[PDB]
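Peer 1: Experimental structure below, sequence on top.
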Amino acid sequence: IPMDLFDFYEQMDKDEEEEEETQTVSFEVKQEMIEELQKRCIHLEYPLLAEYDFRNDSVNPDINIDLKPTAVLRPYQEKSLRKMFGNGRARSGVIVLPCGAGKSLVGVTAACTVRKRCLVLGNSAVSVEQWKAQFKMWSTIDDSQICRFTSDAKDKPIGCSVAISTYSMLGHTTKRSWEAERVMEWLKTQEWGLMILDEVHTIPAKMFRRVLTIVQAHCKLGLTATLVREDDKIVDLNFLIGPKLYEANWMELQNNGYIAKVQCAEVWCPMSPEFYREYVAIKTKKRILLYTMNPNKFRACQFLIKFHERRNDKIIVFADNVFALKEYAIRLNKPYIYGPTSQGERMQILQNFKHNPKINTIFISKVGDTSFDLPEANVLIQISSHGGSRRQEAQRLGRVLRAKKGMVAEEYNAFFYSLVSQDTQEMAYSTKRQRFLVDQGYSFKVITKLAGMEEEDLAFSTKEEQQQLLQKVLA
Amino acid sequence: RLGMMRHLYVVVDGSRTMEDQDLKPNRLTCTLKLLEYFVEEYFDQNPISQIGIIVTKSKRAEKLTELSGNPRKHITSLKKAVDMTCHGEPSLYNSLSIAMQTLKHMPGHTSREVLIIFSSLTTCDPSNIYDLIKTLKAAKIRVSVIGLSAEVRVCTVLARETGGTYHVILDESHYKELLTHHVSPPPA
Amino acid sequence: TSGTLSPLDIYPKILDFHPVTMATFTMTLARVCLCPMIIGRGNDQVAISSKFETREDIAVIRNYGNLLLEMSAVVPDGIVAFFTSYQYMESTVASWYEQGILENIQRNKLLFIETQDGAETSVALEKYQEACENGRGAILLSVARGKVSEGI
């Protein structure tokens, strides 16, 4: 019976003396006792099923957060917190929802419900500042106990939620990675007990994974929309944070005056003289440019901007590369936003795009993703298949697009487009993209021709024009 | 069946409440569609007879068909009405006064009848409706109401005082049973 | 007697005596009656704490004012809304005559306030029986203690 049972720590492992012979592990591996990774503590179901239990004799009895107030979440979010009360730590650990519908609120509520000494992990200071703005109803004495805790200073019991910090490892002041042995876990090194991760996909990377791996970490919750990069690490995240409690929030459940119905499309474009000579012959990182700048595909992108500006729709055009961004945008004479565009000029372009009926198309680089209060529109065009994550295409779509007036309860009232050059490595991403979006509940189709592109003025009207671009791209 | 001749004024509720999806597609669509089925069955049972069609909508009365002995006008009018739908609130007093004016003219041995399909709860008319009910019973104009989910007392008294036919309809099957009871002739 | 009294105990409690008991009518099925309760329908419906129901504006505005309007507009029949006091009644229905500009029901209902008059009471019952939602016993507000309890 476990009334005497010691349990300890060695470098990243838990060893269990004079044992109760617990299920699901090897025995006398190198001594009479059981020995697991720290990170295996998460598997509380394997003892719970057996009817086994354990005690935290290493406890520290100091004080904790109360945060008694409540707020109202979306109908699926409220169902998702209600499930978490239901399931408990044996059968909980991540939630997936867009970066534009209430993820900050799920984190402050997840900490106010769970109610333990908490450390909040985030990607960015702006997101700490959005959390703070969310959290003001549960903030103790409004503004006299909230503080930041990162590379310049630390103070107070709370802040953006409870104490927030960043994932970073540049040196001794880049907080969570550097501090990962001092404070954090109620059962051993026992100052705190609860972990809330915003942007949770960020942690399972090869160096970062160690922050999570080198503890027992009692309670853990993660929140994300991108969830994984193109190589799919996500089997690891079940171990590292916990299993996935939720994924859906389909626009099928929020149509009539609520968000958008999006017609999704992929566009297959043919390939014009000289560009495949050179695509086929070049194996280097330049070849990404011959498939993206393919003038038949540029003419589809131009024709599509013209159709939706003729109807006065608002359009964001995404370009994965600053070269591509500027070659498309300067030719189409639409503003662009990227890293080196300043805050003053970005806020002028974005205010113009949202409120000026003359400024209806803009071009944007990777800086939106994971973070850029991206503005509202009704049309999204991606010039390329990229290598950022099929799941980030759906986060980006979801956070940017809304219903056009009048038509707020129809089958579709917003539009997404991804442009693909036929007979290239750009095509490989489609059978995955297509399966992903339809599994996310989206109506998605393939457009393979445009015989009305043969009825109007567009660029690249000759071989000589196309040759002028081909020489510039090759250089 | 032959023995006497009937005059019947079909009155339909074209208020905003008739748009509702409670009774197939919506009440307006289900009622006009079954009412077309009734006209042909009543005229087949009653070869020497007449009907006229009135609606109450947007706080007024309108004549969809004039009083006549050819069924074709009435099914063509029920077809033409569905497109223009229903909005607003009844005008029952003005509809019983135009119906009265046509029915008073008719000779001694023919019936005087008003059939009303009712999905409202009152009517917009200022005029004193009780004076007009007293006048219907003197004139021998009989008024029947088929109501949708509704027993509001002035309508029920108005159908009882004029002859005894306030009925409630809760399905498309029950409404076809009610119209088919009205297809049935009077004694002579 | 009092119509119903089946749990029996309160009368012997009040008497400090133990009468002979008897149930002396044949009753009808439960299905002719329906006795609902209302409190909310999603997990975000938190405005009904009623720690100070006489002061909780958000709670009066939310399902107390809003559920009444949903139920009355959907269920279009003659329906009387009973309140615990005049002050609640006045706050819940903005009416023609509002206690503030900030009150949360907009729909044709009739009032039943103090200085009720025996002749004036009948006018409101004539209106409710005749037609429309509104009248005495119809879409009208009355405090449950008040005279409307005599009925017609």
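Peer 2: Nice, thanks for sending it over. Numbers count the residues shown, from 1 in each chain, chains lettered A, B, ... in the order given.
Peer 1: elements contacting the helix ranked longest in chain B?
Peer 2: When chain B is scanned for its longest helix (criterion: DSSP state H), the result is helix B:27-45. With contacts taken as 3 or more C-beta pairs under 8 Å, 6 or more residues apart in numbering or on different chains; DSSP states H and E, helix B:27-45 sits against strand B:6-13, strand B:49-57, helix B:71-84, helix B:172-183. Where C-beta positions appear, they are placed from N, C-alpha and C, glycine not excepted.
Peer 1: Let me have those in CSV, extended by distance to chain A and mean neighbour count.
Peer 2: Compiled in CSV, these are given as follows (distance: least, C-beta to the nearest C-beta, whole Å; neighbours: other C-beta atoms under 10 Å in any protein chain shown):
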stretch, distance to chain A, mean neighbour count
strand B:6-13, 27, 24
strand B:49-57, 26, 23
helix B:71-84, 22, 16
helix B:172-183, 27, 16
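Peer 1: Which one of those lies nearest to residue A:246?
Peer 2: helix B:172-183 (42.3 Å; C-beta to C-beta).
Peer 1: Let me see the contact set for residue B:167.
Peer 2: Applying C-beta atoms under 8 Å, 6 or more residues apart in numbering or on different chains, we find residue B:167 in contact with B:144-147, B:178.
Peer 1: one step back: compare the helices and strands packed on helix B:27-45 and give me the one nearest residue A:259.
Peer 2: Closest approach to residue A:259 among the helices and strands packed on helix B:27-45 (C-beta to C-beta): helix B:71-84, 33.3 Å.
Peer 1: Which positions in the helix or strand that that closest one is followed by come out as buried?
Peer 2: Next along the chain after helix B:71-84, taking DSSP states H and E as the criterion, comes helix B:92-105. Across helix B:92-105, burial judged by 16 or more other C-beta atoms under 10 Å in any protein chain shown covers B:92-96, B:98-100, B:102-103.
Peer 1: How about stretch A:233-243?
Peer 2: Buried, per 16+ other C-beta under 10 Å, within stretch A:233-243: A:234, A:237, A:239-242.
Peer 1: What is the burial count for the residue in the stretch 1-150 of chain A that chain B sits nearest to?
Peer 2: As assessed by C-beta to the nearest C-beta, chain B sits closest to residue A:75 within the stretch 1-150 of chain A, at 23.2 Å. Counted with other C-beta atoms under 10 Å in any protein chain shown, residues neighbouring residue A:75 total 14.
Peer 1: got a list of what it touches?
Peer 2: Applying C-beta under 8 Å, 6+ apart, we find residue A:75 in contact with A:253, C:42, C:44.
Peer 1: Next, format these as TSV and append secondary structure and distance to chain B.
Peer 2: Formatted as TSV, the contacts of residue A:75 follow (DSSP: H, G, I helix; E, B strand; the rest coil; distance: C-beta to the nearest C-beta, whole Å):
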residue	secondary structure	distance to chain B
A:253	helix	21
C:42	coil	24
C:44	coil	27
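Peer 1: Relative to residue A:139, which of the residues you listed is nearest.
Peer 2: Nearest to residue A:139 among the contacts of residue A:75, with distances taken as C-beta to C-beta, is residue C:44, at 21.0 Å.
Peer 1: Can you report how many residues lie near residue A:423?
Peer 2: Here the number of neighbours of residue A:423 (other C-beta under 10 Å) works out to 13.
Peer 1: got it, and residue A:289?
Peer 2: If you count neighbours by other C-beta under 10 Å, residue A:289 ends up with 20.
Peer 1: So for residue A:139, what's the nearest residue that isn't a sequence neighbour?
Peer 2: residue A:146 (5.3 Å; C-beta to C-beta, 6 or more residues apart in numbering or on different chains).
Peer 1: Now the one you found: phi and psi?
Peer 2: For residue A:146, the backbone dihedrals are phi -90, psi 130 (criterion: degrees, to the nearest 10).
Peer 1: Kindly report the same for the one 10 residues further on.
Peer 2: As for residue A:156, its main-chain torsions (degrees, to the nearest 10) stand at phi 80, psi 160.
Peer 1: list the contacts for it?
Peer 2: Contacts of residue A:156 (C-beta under 8 Å, 6+ apart): A:145-147.
Peer 1: Repeat the analysis, applying 6 Å as the threshold.
Peer 2: Neighbouring residues of residue A:156 by C-beta atoms under 6 Å, 6 or more residues apart in numbering or on different chains: A:145, A:147.
Peer 1: One more: residue A:138?
Peer 2: Contacts of residue A:138 by C-beta under 6 Å, 6+ apart are A:67, A:69, A:112.
Peer 1: Look up how far residue A:279 lies from residue A:379.
Peer 2: Going from residue A:379 to residue A:279 by C-beta to C-beta, to the nearest Å gives 28 Å.
Peer 1: neighbouring contacts of stretch C:60-72?
Peer 2: C:38, C:40, C:47, C:91-92, C:104-105.
Peer 1: follow-up on the earlier one: so between residue A:379 and residue A:279, which is more surrounded?
Peer 2: Counted by other C-beta under 10 Å, residue A:379 and residue A:279 do not tie: residue A:379 has more neighbours, with 25 against 22.
Peer 1: how close does that one get to chain B?
Peer 2: 34 Å (C-beta to the nearest C-beta, to the nearest Å).
Peer 1: Next, residue 13: phi, psi?
Peer 2: I'll assume chain A. Main-chain torsions, residue A:13, degrees, to the nearest 10: phi -130, psi 150.
Peer 1: how close does the residue nearest to residue A:383 when sequence neighbours are not counted get to residue A:430?
Peer 2: By the measure of C-beta to C-beta, 6+ apart, the closest residue to residue A:383 outside its immediate chain neighbours is residue A:319, 5.1 Å from it. Residue A:319 sits at a distance of 19 Å from residue A:430 (criterion: C-beta to C-beta).
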